[PDB]
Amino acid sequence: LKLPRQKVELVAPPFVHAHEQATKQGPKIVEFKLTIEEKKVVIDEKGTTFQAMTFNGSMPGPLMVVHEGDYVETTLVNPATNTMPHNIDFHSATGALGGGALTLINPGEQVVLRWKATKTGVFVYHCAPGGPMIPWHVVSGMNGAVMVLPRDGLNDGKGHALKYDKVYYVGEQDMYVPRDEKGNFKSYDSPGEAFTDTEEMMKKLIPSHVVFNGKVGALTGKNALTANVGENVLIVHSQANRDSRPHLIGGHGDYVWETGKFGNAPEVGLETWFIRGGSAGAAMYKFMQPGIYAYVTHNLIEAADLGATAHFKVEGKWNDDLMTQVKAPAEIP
């Protein structure tokens, strides 16, 4: 394959490596490296720990961005410091179980897979070693997403360009942390040691935690997402194992691809959209009002109580036409 090669420096979520939307480039081989890391992490503000398994150290794995007709060449590395075999499956790719059947690597090995980006949209990628290990590796954190843009950029299905000013990637993770008899979350010395209890819980289908970017509160405070009034923000949302229903509290989805695929026109003016487990979707919104927004899954129990809330802090001028407090709280006459 005699095409130009381009390296990408991946960046940790929720940020997204620099890329063009519309491009004059033709097909290239776009080179990415993912290095697997198994590690024990803290997942909530109480100090609960979790045996995570990750691409590039993060949950989710980083967003990869290419254009239709590019070839995506990934070097997947499984250092000898890990304990388990791993692989990678791209929902964007055609053949060999998405790549999984060509990428199984033991600790100490690496592999190089190339796939042609023939389908546009946002797509999940995840580890899938085989059998019961498939769900376990995924719900341990081994999932991310790839975006395959049209070469002319995004459009509204009516002939008009949609151009985003910035993009964020929100990866949602269902986590299954068992409890002891008295009701405290358990801690484990290794992923292998966590497996039996964790699988028992998994099969009951109810997560203990549902988080964005790997942790309760990850996308809040210093790490809130940001925008200004007038900016059009693309929010890519993935969930590799379990459904979600994103909602921007105080905003909308102006243009939404909930099934995540750019060969389809977006829907307009949504309140809440739906990410099928095993997929990525995307929503664009032009901010109109300053202040704090919450970005949630709109099962509010999961949002407020299990971890699945992000914030935006938005700068700009308040628009009293759109909303105003006519009378502040006062005693009832």
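Quick note: we count residues from 1 along the sequence shown, nothing fancier.
Per the entry, where is the mean C-alpha temperature factor higher: 40 to 48 or 298 to 306?
The deposited B-factors put 40 to 48 ahead on the C-alpha mean.
Per the PDB record, is the mean Cα temperature factor higher over 137 to 145 or over 198 to 206?
That would be 198 to 206.
Sorting 152, 254, 243, 174 by Cα temperature factor from the record, which one lands on top?
The listed residue with the largest C-alpha B-factor is 152.
Looking at the C-alpha B-factor values in the deposited entry, which of 223, 259, 94, 120 comes out highest?
Out of 223, 259, 94, 120, the record gives the largest C-alpha B-factor to 223.
Modelled-residue ranking by C-alpha temperature factor, third containing residue 185
Its C-alpha B-factor, which the entry lists for residue 185, ranks in the highest third among residues of this chain.
When the modelled residues of the chain are sorted by Cα temperature factor, does residue 28 land in the lowest, middle or highest third?
CA B-factor rank for residue 28: highest third.
What third of the chain does residue 170 rank in for C-alpha temperature factor, lowest, middle or highest?
CA B-factor rank for residue 170: lowest third.
How does residue 212 rank on Cα B-factor within its chain, lowest, middle or highest third?
According to the entry, residue 212 has a C-alpha B-factor in the chain's lowest third.
Record-listed C-alpha B factor of residue 125: chain third:
Lowest third.
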